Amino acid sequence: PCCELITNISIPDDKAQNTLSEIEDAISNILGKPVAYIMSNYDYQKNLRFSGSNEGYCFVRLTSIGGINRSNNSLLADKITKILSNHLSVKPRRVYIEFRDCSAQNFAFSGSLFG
């Protein structure tokens, strides 16, 4: 399970860490789930373009996060848009939020299985 922010906007490490921490709090809160083993990341891609433009843009991708459905997906997308427009000064119209569920298509192993 991953929440990745892929963006051409540059922000310092402490603020990035705070931004992801806020998003993780939002997923937990809106979804009503503990997310004890979520991965997240701020992937700075300076050359990223959207619609032919290298202007500020944030793509957020949520993969295999259990518990997203009609009653909450938009609510989660709204809150992540707010956080980013707040912290990053990106236009909301240059935020795009995608949810995908790959849980059943992949095999996953923790290193803790092997000693």
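Sequential numbering from 1, following the sequence displayed.
Which of 83 to 91 and 24 to 32 has higher mean CA B factor, as the PDB entry lists it: Going by the record's values, the stretch with the higher mean is 83 to 91.
Decide which of the stretches 72 to 80 and 53 to 61 has the higher mean C-alpha B-factor, going by the entry. Per the deposited B-factors, the answer is 72 to 80.
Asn18, C-alpha B-factor rank within chain (lowest, middle or highest third): Middle third - that is where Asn18 ends up once the chain's C-alpha B-factors are sorted.
Please place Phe99 in the lowest, middle or highest third of its chain by C-alpha B factor as given in the entry. It falls in the top third of the chain.
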